[PDB]
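Here is the structure we will look at.
Each value in this text was obtained by applying a stated rule to the coordinates, not by laboratory testing. Backbone-built Cβ (ideal geometry, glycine too); neighbour counts: all protein chains shown.
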Amino acid sequence: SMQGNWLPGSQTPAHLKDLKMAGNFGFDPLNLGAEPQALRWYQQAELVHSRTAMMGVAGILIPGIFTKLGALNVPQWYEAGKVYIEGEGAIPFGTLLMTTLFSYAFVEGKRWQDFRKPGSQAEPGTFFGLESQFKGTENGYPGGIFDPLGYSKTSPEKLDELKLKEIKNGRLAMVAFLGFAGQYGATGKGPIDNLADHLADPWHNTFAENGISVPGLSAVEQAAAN
Amino acid sequence: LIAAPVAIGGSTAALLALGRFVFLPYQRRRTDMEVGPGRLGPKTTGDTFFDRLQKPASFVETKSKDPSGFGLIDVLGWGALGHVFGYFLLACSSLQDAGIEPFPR
Amino acid sequence: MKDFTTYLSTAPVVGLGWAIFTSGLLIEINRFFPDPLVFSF
Amino acid sequence: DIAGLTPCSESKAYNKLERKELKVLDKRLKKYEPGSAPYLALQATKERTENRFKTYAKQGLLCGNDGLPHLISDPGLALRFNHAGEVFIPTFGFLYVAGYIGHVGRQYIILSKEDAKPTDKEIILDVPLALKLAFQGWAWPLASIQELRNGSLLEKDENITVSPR
Amino acid sequence: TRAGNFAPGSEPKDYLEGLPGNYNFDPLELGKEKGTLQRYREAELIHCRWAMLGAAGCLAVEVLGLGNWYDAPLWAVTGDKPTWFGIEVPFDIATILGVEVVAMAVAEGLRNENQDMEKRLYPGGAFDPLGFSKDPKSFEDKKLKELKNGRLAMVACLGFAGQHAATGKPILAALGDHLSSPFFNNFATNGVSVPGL
Amino acid sequence: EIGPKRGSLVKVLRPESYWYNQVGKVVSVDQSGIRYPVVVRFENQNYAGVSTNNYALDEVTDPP
Amino acid sequence: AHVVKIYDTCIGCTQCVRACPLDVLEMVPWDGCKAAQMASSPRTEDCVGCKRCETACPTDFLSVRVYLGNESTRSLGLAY
Ligand code: CLA
Ligand SMILES: CC(/C=C/C=C(C)/C=C/[C@@]12O[C@]1(C)C[C@@H](O)CC2(C)C)=C\C=C\C=C(C)\C=C\C=C(C)\C=C\[C@@]12O[C@]1(C)C[C@@H](O)CC2(C)C
Ligand SMILES: CC1=C(/C=C/C(C)=C/C=C/C(C)=C\C=C\C=C(C)/C=C/C=C(C)/C=C/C2=C(C)CCCC2(C)C)C(C)(C)CCC1
């Protein structure tokens, strides 16, 4: 049901009050999730944007953290594309992009056909006999081989808690990646260097101090200094 | 350059043989769904001199001296097709014999 | 206030408020930023 | 270097045009004292001219046989070569705002039509609903796609006035 | 009786049920009308048979080491004597074109005048001298296998055409290039199949 | 009695009418047996300026 | 002169005869309307085609129709 609120005192949309959702806070002022399986499609869009954002951010911080500690010489994420391509063991960019596009289209084709008809991928004799566990128990939550440790076959009150923990860490990594592109756009440095700069020197290292994010604010500082 | 009489005669004999032994059963079926009984048929009725000119001729519907329906008009048309094909082949051979290559290299 | 703000809500004032807002927005963009041709960030 | 157009950074006619504009702008500079306000305005105009010529160059812009920069319109050619900022990204930039105005006009038309004497609402605007719809139109293509599939966007012609031919 | 699905969970089209090679493949709803469906069926069957013939020629020119399929018809351009299986036939190119056009004309004229749908699809008789179509079960099995290998050959012919349009190497050379360094030698490395890699 | 209910929304299928494939409200239906007894009122005026018109029985059906 | 035709859609507000300053239209009894009236044009040779009856017609489409053509000395409105 309803847990928390994105804005206390705001008028909750009617489609979000009695709705059983993972991480629902009433945050839909534009009423995009008014229709029911339209919200199901955007639930899957939010889940699949967050899951690749989780892997993307973890692929940025954990190599970035280990770079600060000096264990690995892994470069920064923004220049990692040119680092691998210019290397002597480089698969060409056209081959990599075609392989990524072909592999994801096959995967997202199964994900798409699961959405239109739930449990339709469990038809016998299609994926060499192992498609019997490929039936999605919930929209955006397929299960089966995707949960081989049995961490979802638990009490129902623990399941939505795990779903709430998934969407909360999913949204947090999702705004983190926007911060990562914005901080590379403004400062031109990695998130680890930016975090160390803010920790060691918080006042002089701010997005307001940088003129890229807020144009003309540095001229206000220069005019006030003179 | 290919000799003209043998090429022309072979092309027109092949086209006449195709018209009589091959294309004739497919003929008189496209026309049967074109000028057949229940469909269009006659465009005119026939009252005046300027209106009888669109009536069919007198020598194209008499009977069939050939075992098939291959009449004089069909003979003329398929012979014209054969002459056309033979002249096309002769023209291509002449263009090749002049040292000019029309085909892409 | 209600009687006057009903007149304030009619189309000629809306024909100004949108006009003033959009015009001033474009003036400030063309003023603080120079005249560009390419959206190359 | 497509369609026989040299880049603006390496074009002689582009620099000759810049020198000609600097010459005529400095011609008016000799008629005023340097400590005057028309001199400051002319200096700011010259600075804006120099900044515009510098920023128009080194940005992938190209020109041919005139000294005036050209725009590449074909997609793909403007994507393989760095020319997407000319018209490719302004295309989606305009369409977002163009679809913004069309969507908020549609929602206001729909909302006003389910009200008594709706003809008055077109000449008597209401501010709180129009401003709420104005700030609830950022996701216009997302609202447009969902209405397209389900028939709320369109209307069957059995309730549409059609010509009697 | 369906031989599989082109997509697990697709919408089952009711107009492709009692047909060989039924995968419910088409999403464009082509061949909804029965006569157009039969016309497209016989067109697909004879297109796939010609795909068999073309793939067989293009592969037998490679596995026999007699040249490549693309420069095989270059004998008429240079005006030398044509060779087939090391026989050295002496026939002139114009005679080849004439006999080919008249033979294919009589073949497609006698084929089109069957005037019955089942034998327009599957004639039998003189065209089936081995007589393995006596029982319906093996007949439909060979129908399914013929249609599957025919669709595969129809893909293969366009594959050969695209491979030669990209690189001048023959089919076996491209197969060896993909066998040796698949990541360094494929369609994405030439830069012409996809614009800008 | 012979026509639609009074006050019910109806659809006009008269081709030459301005309100072809439109929705109008029945204001009166005549029971005297005249040519066009079904009289309806429309919310939007025509080009002349009127807002009401009369139609026959076959020109009036319930809209979906 | 001009041809003036009145269709059965007329229901008799007796106002199309007032808008015509030429005495072209007249009103006859009828039975196809509530008012039991129907417009008629006895002096159709005296009409000029000014279409004032069309402006006065409230039916959609109009019950009275005036068609131009075959003009004469009276339908052209010349006093000379
Ligand atoms: C927001 C309302 C709205 C919408 C969604 C449309 C949509 C359409 N119109 Mg229409 N139009 C409108 C208002 C609108 N029009 C107004 C107010 C006028 C009078 C000036 C016209 C005059 C008009 C003509 C003459 C034509 C169209 C055509 C079209 C079509 C082409 C799309 C387009 O950009 O046309 C171009 C539209 C214009 C040039 C009009 C621009 C006027 C402004 C932008 C509208 C302002 C509306 C306002 C801001 C909404 C209030 C917001 C609310 C929050 C209060 C499309 C179906 C064309 C067609 O038939 O295509 C099939 C066509 O020939 N329209
Ligand atoms: C006949 C054929 C090939 C014939 C080859 C021949 C004669 C080759 C002969 C030679 O090579 C030799 C032996 C040796 C060489 O030295 C000389 C030549 C002379 C060159 C290929 C057909 C090839 C046929 C092909 C490739 C057909 C492709 C069809 C497609 C893609 C259909 C599309 C759709 O499926 C979608 C996408 C979606 C659906 O909704 C809708 C539909 C319409 C069903
Ligand atoms: C009698 C008889 C017979 C025989 C027959 C024959 C043998 C025939 C042939 C025929 C032929 C063998 C041919 C024909 C022809 C016809 C025609 C009618 C033609 C035409 C032509 C044309 C028209 C041409 C044209 C041209 C020119 C002029 C120039 C340029 C080129 C061209 C080509 C275009 C038999 C015994 C069988 C039987 C009995 C009877």
Response to the item:
Among A:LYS117/D:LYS113; D:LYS156/E:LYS34; A:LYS110/E:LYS142; A:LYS110/A:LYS163; D:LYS113/D:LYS156, the pairs whose Cα-Cα distance exceeds 27 Å are A:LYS117/D:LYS113; D:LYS156/E:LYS34; A:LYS110/E:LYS142
Response to the item:
If one builds a Gaussian network model of chain A from Cα atoms under 10 Å apart, the most fluctuating residue listed among A:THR137, A:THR67, A:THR154 is A:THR154
Item to complete: Please build a GNM for chain B, connecting alpha carbons under 10 Å apart, and tell me which residue among B:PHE21, B:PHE50, B:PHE70 fluctuates the most.
Response: B:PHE50
Worksheet entry | Partnerless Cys - chain G, beta-carbon criterion under 4.7 Å | G:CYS10, G:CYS13, G:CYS20, G:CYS33, G:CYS47, G:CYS50, G:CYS57
Worksheet item: At what distance in nm do the modelled label points of G:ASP23 and B:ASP66 sit from each other, each positioned 7 Å from its Cα along Cα→Cβ?
Response: 8.6
Worksheet item: If you average 1/r over every pair of different alpha-carbon atoms in chain C and take one over that average, what Kirkwood value in Å do you get?
Response: 12.6
Worksheet item: Averaged over peptide F:46-53, how many Cβ atoms belonging to another chain are found within 10 Å of each residue's Cβ?
Response: 4
Worksheet item: With θ set to phi - 60° and the Karplus curve 6.51 cos²θ - 1.76 cosθ + 1.60, what are the ³J(HN,Hα) couplings of the range D:122-128 in order, to the nearest whole Hz, using x for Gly and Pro?
Response: 6, 9, 10, 5, 10, 6, x
Discussion item. What does the C-alpha gyration tensor say about the overall shape of the protein assembly as shown? Classify as rounded when a/c is under 1.5, otherwise prolate if a/b is larger than b/c, or oblate.
Written reply: oblate
Discussion item. Please compute the Kirkwood hydrodynamic radius of chain B from all pairs of different C-alpha atoms, in Å with one decimal.
Written reply: 17.0
Item to complete: Can you list which of the trypsin sites (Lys or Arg not before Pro) found in the range A:151-209 are DSSP loop residues with at most 10 other C-beta atoms within 10 Å?
Response: A:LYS153
Fill in: Within the range A:92-146, chymotrypsin sites (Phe, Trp or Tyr not before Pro) in DSSP loop having at most 10 other beta-carbon neighbours inside 10 Å
A:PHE128
Worksheet item: Using a cut-off of 21 Å between alpha-carbon atoms, which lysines can reach E:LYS81, once sequence neighbours fewer than 8 places away in the same chain are excluded?
Response: none
Worksheet item: Of B:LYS43/B:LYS65; F:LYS5/G:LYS34; D:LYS117/G:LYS51, which sit over 22 Å apart, Cα to Cα?
Response: B:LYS43/B:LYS65; D:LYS117/G:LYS51
Discussion item. Residue by residue through the range A:65-72, what is 3J(HN,Hα) from phi via Karplus (6.51 cos²θ - 1.76 cosθ + 1.60, θ = phi - 60°)? Round to whole Hz and write x for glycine and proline.
Written reply: 5, 5, 5, 5, 6, x, 6, 10
Worksheet item: Considering chain A as a Gaussian network with a 10 Å cut-off on Cα pairs, which listed residue, A:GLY109, A:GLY33, A:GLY119, attains the greatest mean-square fluctuation?
Response: A:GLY109
Practice prompt. Go through the range E:7-23 residue by residue and turn each phi into a ³J(HN,Hα) via Karplus (6.51, -1.76, 1.60, θ = phi - 60°); whole Hz please, and just put x for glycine and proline.
Written response: 7, x, x, 6, 6, x, 6, 7, 8, 10, 10, x, 10, x, x, 7, 10
Discussion item. List the trypsin sites (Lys or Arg not before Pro) within the range E:14-88 that DSSP assigns to loop and that have no more than 14 neighbouring Cβ atoms inside 10 Å.
Written reply: E:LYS32
Worksheet entry | Longest site-free stretch - chain D; sites: GluC sites (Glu not before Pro), DSSP loop, at most 12 other Cβ within 10 Å | D:1-113
Discussion item. Can you compute the charge dipole magnitude of the protein assembly as shown about its Cα centre, using +1 on each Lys and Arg Cβ and -1 on each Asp and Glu Cβ, nothing else charged? Give it in debye, rounded to the nearest 20.
Written reply: 660
Response to the item:
For D:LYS20, counting only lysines whose alpha-carbon sits under 17 Å away and dropping same-chain residues fewer than eight positions off, the answer is D:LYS12, D:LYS30, D:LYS46, D:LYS54
Discussion item. Placing +1 on the Cβ of each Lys and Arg and -1 on the Cβ of each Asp and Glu in chain A, which of A:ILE85, A:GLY23, A:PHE146 has its Cα farthest towards the positive end of the resulting dipole?
Written reply: A:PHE146
